[PDB]
Amino acid sequence: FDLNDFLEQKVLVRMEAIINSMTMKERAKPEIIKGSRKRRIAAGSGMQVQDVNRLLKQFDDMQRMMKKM
RNA sequence: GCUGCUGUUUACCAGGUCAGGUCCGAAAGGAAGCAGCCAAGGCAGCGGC
């Protein structure tokens with residue numbers, strides 16, 4: 001379960017925007033996304049790092065909700 | 001080395017285009033620009049000089 005699957009699942013348009021600005025490797029192995037890449041992603045989707053963190057955070061609770069079934 | 005071809009590889013860090021999204025604007029319209037792609041570079045094989 002990666003950020004691509006999470007993508008298949010108003011504010012939702014801006015969530016796609018963020019993911020739509022990452023590279024394939026990033027969508028597949030989310031943990032490689034540190035500070036520098038977050039900056040690229042945020043500006044790339046006209047967002048704020050915090051928005052990105054908020055998304056990665058959600059995908060996290062989401063991913064964690066998967067590693068339990 | 002230079003050059004042609006082929007395979008492969010490369011998040012951002014003054015290449016082109018730019019889905020999505022963003023910014024400015026009452027609007028008409030403008031601006032920047034990630035991913036992708038093209039290009040370019042890296043690692044090599046073969047050929048030409």
Side-chain angles (χ1 to χ4, degrees), chain A residues 1-9 15-53 55-62 64-66 68-69:
Chain A
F1 185 64
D2 66 8
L3 278 165
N4 294 295
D5 304 309
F6 178 64
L7 172 56
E8 313 308 302
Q9 307 178 178
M15 276 193 38
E16 296 180 55
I18 279 170
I19 302 183
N20 272 322
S21 195
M22 325 184 138
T23 57
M24 265 320 292
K25 295 182 186 182
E26 290 170 354
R27 297 178 196 185
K29 190 176 190 297
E31 65 277 17
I32 73 174
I33 303 191
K34 304 286 163 48
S36 190
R37 291 162 183 271
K38 287 175 183 182
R39 291 219 319 286
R40 184 198 92 247
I41 291 171
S45 55
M47 298 292 89
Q48 245 44 60
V49 183
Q50 49 210 306
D51 288 308
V52 176
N53 293 306
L55 179 286
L56 299 162
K57 174 69 181 64
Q58 291 189 55
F59 162 77
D60 198 59
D61 316 328
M62 168 68 83
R64 292 181 174 298
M65 226 88 281
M66 311 301 269
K68 284 172 175 292
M69 64 165 273

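Proteins get letters first, then strands, A, B, ... in listed order; numbering begins at 1 in each.
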Under 3.5 Å, side chain of A:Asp5 to main-chain N/O of A:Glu8, donor-acceptor pair present? no

Gap in Å between the two P atoms, one belonging to B:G20 and one to B:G15, rounded: 24 Å

Any donor-acceptor N/O pair, A:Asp60 side chain to A:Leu56 backbone, under 3.5 Å: no

Separation of the P atoms in B:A35 and B:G16, to the nearest angstrom: 14 Å

Using the P atom on both, measure B:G4 against B:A14 and round to a whole Å. 25 Å

Is any side-chain heavy atom of A:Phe6 closer than 4.5 Å to a side-chain heavy atom of A:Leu55? yes

Main chain of A:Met47, side chain of A:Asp51: is a donor-acceptor contact present, judged purely on distance under 3.5 Å? no

When the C1' atoms of B:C38 and B:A27 are compared, how many Å lie between them, rounded to an integer? 36 Å

Write down the distance between CD (A:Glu16) and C1' (B:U22), rounded to a whole number of angstrom. 15 Å

Roughly how far apart, to the nearest Å, are B:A44 and B:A19 at atom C1'? 35 Å

Say you pick atom P in B:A28 and the same atom in B:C12; how far apart are they, in whole Å? 34 Å

For the adjacent pair B:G33/B:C34, please state whether the pyrimidine-type six-membered rings satisfy a centroid distance under 5.5 angstrom and an interplanar angle under 30 degrees. no

For RNA chain B, the dot-bracket notation using Watson-Crick and G-U wobble pairs below 3.5 Å, [ ] for pseudoknot-type crossings and | for other-strand pairs, is ((((((((((....(((..(.(((....)))..).))).))))))))))

Under 4.5 Å between side-chain heavy atoms, hopping through other hydrophobics if needed: is there a path connecting A:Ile19 to A:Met24? no

Using a 4.0 Å heavy-atom cut-off, write out nucleotides 8-15 of chain B from 5' to 3' as B (base contacted by protein), S (sugar-phosphate only) or - (no contact). --SBB---

Determine the interatomic distance between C1' on B:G36 and the same-named atom on B:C18; round to the nearest Å. 9 Å

All N/O pairs under 3.5 Å across the protein-nucleotides 37-43 of chain B interface:
none

Given the cut-offs of 5.5 Å for six-ring centres and 30° for planes, are B:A14 and B:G15 stacked? no

By side chain to side chain contact (heavy atoms under 4.5 Å, CB included) - contacts of A:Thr23 (at least two apart): A:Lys25, A:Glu26, A:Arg37, A:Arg40

A:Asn4 CG to B:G20 P, straight-line distance once rounded to whole Å: 20 Å

Work out how far the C1' atom of B:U17 is from that of B:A40, and round it to whole angstrom. 15 Å

Gap between atoms CE and P, on A:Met15 and B:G21 respectively (whole Å): 14 Å

With A:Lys29, which residues qualify under salt bridge (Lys or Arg N to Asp or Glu O under 4.0 Å), at least two apart? A:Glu31

A:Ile18 CD1 to B:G21 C1': how many Å, rounded? 9 Å

Is any side-chain heavy atom of A:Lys38 less than 4.5 Å from a side-chain heavy atom of A:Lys34? no

Go through the structure and list residues passing salt bridge (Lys or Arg N to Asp or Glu O under 4.0 Å) with A:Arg27, not counting sequence neighbours. none

More 5' along RNA chain B: A:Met24 or A:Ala43, using each one's nearest nucleotide? A:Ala43

